[PDB]
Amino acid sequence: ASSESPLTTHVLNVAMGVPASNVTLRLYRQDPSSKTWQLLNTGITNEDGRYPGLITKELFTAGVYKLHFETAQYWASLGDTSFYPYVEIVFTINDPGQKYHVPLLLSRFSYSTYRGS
């Protein structure tokens, strides 16, 4: 197969039509018993708005995951205010045998996400 992470993301700046590079992100998984969030990885998006290596196949077990993006810091770095201090996407992985692509389409006053591929 491929050595790419089974969970991937892609942040697009839809206001300017370019990848959102330099966005700080963090990945967590919830403890099903305590409901607390365990930090698994942190990163900054690359020039194509992606973050290779978000998680390894070994650690991508079934559970509830959270991706957290520092959206206001991204817009501030471009000199702009924005509506959302950060964006969190919380999602259920029942079958860790699949690939999951979790993109984020961003403007200063809107965002959207989907289970892409």
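Sequential numbering from 1, following the sequence displayed.
Undergrad: Of the two stretches 32 to 40 and 69 to 77, which shows the higher Cα B-factor on average in the entry?
TA: So the stretch with the higher mean C-alpha B-factor is 32 to 40.
Undergrad: Among the candidates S117, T8, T113, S110, give the one with the maximum CA B-factor reported in the record.
TA: Comparing C-alpha B-factors across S117, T8, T113, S110, the top value belongs to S117.
Undergrad: Can you work out whether the C-alpha temperature factor of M16 puts it in the lowest, middle or highest third of the chain?
TA: Highest third.
Undergrad: Lowest, middle or highest third: where is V87 by Cα B-factor in its chain?
TA: Lowest third of the chain for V87's C-alpha B-factor.
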